[PDB]
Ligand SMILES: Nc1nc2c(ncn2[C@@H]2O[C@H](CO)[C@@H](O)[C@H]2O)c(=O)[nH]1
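Only one chain is included here, represented as structure tokens and corresponding to the form deposited without this ligand.
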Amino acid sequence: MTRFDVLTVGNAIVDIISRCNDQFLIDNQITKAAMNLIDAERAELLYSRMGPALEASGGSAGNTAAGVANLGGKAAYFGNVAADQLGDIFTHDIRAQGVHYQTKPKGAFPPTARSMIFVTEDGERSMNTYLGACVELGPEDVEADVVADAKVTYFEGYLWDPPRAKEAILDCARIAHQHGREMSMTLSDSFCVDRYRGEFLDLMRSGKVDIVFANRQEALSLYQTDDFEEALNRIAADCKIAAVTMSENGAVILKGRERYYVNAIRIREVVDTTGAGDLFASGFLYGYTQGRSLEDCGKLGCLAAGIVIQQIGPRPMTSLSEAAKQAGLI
């Protein structure tokens, strides 16, 4: 009897969300569908050009932890906010979802991270992230008892951008593995993979990471190829389990030579793709820690992702457990 099914570790971020036209992205040199890092000056500039917005707690791993709790699993989260209103919002939303969260702010500056996310008519999301307080996350923030007591510890590739977060992750990998737990990561973003390609491959090949999440674009970026079949063959050789998502084409779960293909769920409309990969990881990891088959893990991932893309905001506002029951998955 362990205390947590899934610990996640990521950049703690509040999202600021608006719709825009395609030309807005071009005019402002925003890379479509990507996570674009920005400084404080650029943050104020972009905000001045953004329309009326909505705020919602975000952060890739934060969303994943919230998803696992929503499904009925037991989640914990490490991430660093500031002692400010955005940080209070972030802390409230994750704890109110039933995620064990106790990372203490270090002060009011830098302020809590925020990401201006522009959603185009096709439902694609383009994020512009000022990391703020996330740069302070370090080994001091590792609750060792929580890592030791979690079936899986999952983290963002995005943590390679701030300076010291990787040290916390290496500590987590050591503690998790010494206690017989598993480590998992998401490749996060194809440009993130481009920045840290060798480091990410080393995480997998050295066995610090057991389960890897990627979408098509991230897998292609990892091996610097446009051949998807090649990318799947390569990723399967580099990690114990890979879960690769393909948007409207569903997902494929790889284990050695084993491949499990899962369909995307039928949807009403792609309102906003923000959170899709995060919630895929929620469903997958919930299923995994409940002892379900790899195929069923994929099915739970696709359900949760399919739900989140039909709403504005990155964390489902409806019950995923109720959805899973209805879909005959639980």
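One-based numbering along the sequence shown.
Unshown form deposited with this ligand bound; subsequent notes refer to it.
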Does this ligand, in the deposited complex, lie within 4.5 angstroms of each residue among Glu248, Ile265 and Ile309, using heavy atoms as the measure? yes
Contact with this ligand in the deposited complex for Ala69, defined as at least one heavy atom pair within 4.5 Å: yes or no? no
Since only the chain is shown here, I'm wondering whether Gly277 would be in contact with this ligand in the deposited complex (any heavy atom pair within 4.5 Å). yes
Spell out, yes or no, whether the shortest heavy atom distance between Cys297 and this ligand in the deposited complex is within 4.5 Å. no
Although this ligand is absent from this view, report whether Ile30 comes within 4.5 Å of it in the deposited complex, heavy atoms only. no
